[PDB]
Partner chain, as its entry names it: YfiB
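One chain comes next, on its own, written out as structure tokens in the form solved without its partner chain.
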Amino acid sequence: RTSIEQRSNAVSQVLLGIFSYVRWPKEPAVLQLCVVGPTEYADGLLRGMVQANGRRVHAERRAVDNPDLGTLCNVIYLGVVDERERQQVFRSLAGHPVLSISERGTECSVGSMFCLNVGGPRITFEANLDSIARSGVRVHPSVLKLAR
């Protein structure tokens, strides 16, 4: 088990944690997670997960230019995208109750609700309060006590 695989497992754990503080308007039987864009640490998510409450997280890659990301995804995990592509992605998410998390987040002021920082001894993450308010989903404010 090398440190990319170990960081990937940790990435899984962190997302599961974050999920426990989010609520969807109409809660689905299976939580759809979409991995979108190039990613380095998503191989654990893609093996599928299960929440403490029993609900299954089904994970799948989807293309950046997939117009239906808003209706196909409950959670999106966003990898490397350029400017045109990210506002392409979020145009598809606008109007829908979707939790968004990006694998890299140097500053996290535009785009995803949450931005991981996977480098370093432990995984940390930042929260985008605007994104969270315009999100469609409900975020228990306790989750901010879990961020940097």
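We call the rigid core whatever largest set of C-alpha positions still superposes within 1.5 Å between the two forms. Numbering follows the first chain given and starts at 1. Residues that one form lacks are left out of the comparison.
- Of the two segments examined, 52-60 and 37-45, it is 52-60 that shows the higher average Cα temperature factor in the deposited entry.
- Comparing 7-15 with 20-28, the higher mean C-alpha B-factor in the PDB entry belongs to 20-28.
- Considering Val98, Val110, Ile101, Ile123 together, the PDB entry gives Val110 the largest C-alpha B factor.
- Per-chain ranking of the deposited C-alpha B factor places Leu116 in the lowest third.
Below: the form solved in complex with its partner chain, not depicted.
- In the entry with it bound, its partner chain sits within 4.5 Å of a heavy atom of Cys108.
- Not displayed here, its partner chain is approached by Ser20 to within 4.5 Å at the level of heavy atoms in the entry with it bound.
- Its partner chain in the entry with it bound is not approached by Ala29, whose heavy atoms all lie more than 4.5 angstroms from it.
- In the entry with it bound, its partner chain stays beyond 4.5 Å of every heavy atom belonging to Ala10.
- Taking the core as reference, just one block of three or more adjacent residues between this form and the one not shown has all its Cα positions offset by 2 Å or more: 145-148.
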